[PDB]
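Chemist: Residue 15 in the entry's author numbering sits at position 15 of the sequence shown; the count goes up by one each step and never skips. Idealized CB from N, CA, C, for every residue including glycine.
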Amino acid sequence: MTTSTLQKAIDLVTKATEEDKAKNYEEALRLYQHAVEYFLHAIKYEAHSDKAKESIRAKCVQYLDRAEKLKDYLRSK
């Protein structure tokens, strides 16, 4: 019903993963990168328990590493 900061991060990563398979490495770079921005912002403003903080921190860091590989892939090609 209502779109939140954390909800947008989950959809941003889903659109990137699907795009990557559709030869949309370029789009995936912007999608994955955008998701990481919403994740970090969610932690800074909306700070939850250690469980949530660590969960989100681990998600953003994991996505950041993937988005970096997509750039080198499209850049090289």
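Considering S76, what are the terminal residues of the alpha helix (DSSP H) in which it resides?
Modeler: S76 -> alpha helix (DSSP H) spans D50 to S76.
Chemist: Buried or exposed for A67, please, with buried defined as at least 16 other CB atoms from any protein chain shown within 10 angstroms of its CB.
Modeler: When all chains shown are included, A67 counts as buried.
Chemist: Spell out a yes or no on whether the stretch 34 to 47 and the stretch 55 to 63 are touching, meaning 3 or more CB-CB pairs, one atom from each, closer than 8 Å.
Modeler: A contact exists between the stretch 34 to 47 and the stretch 55 to 63.
Chemist: Report the rounded CA-to-CA distance for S49 versus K77, giving the unit in angstroms.
Modeler: Answer to the nearest angstrom: the Cα atoms are 43 Å apart.
Chemist: Going by alpha carbons, who is nearest to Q62 out of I43, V13 and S4?
Modeler: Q62 has its Cα closest to that of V13, out of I43, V13 and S4.
Chemist: Give a yes or no on whether the minimum CB-CB distance between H34 and chain B is below 9 Å.
Modeler: The question asks about chain B, but that chain is absent: this structure has only one protein chain.
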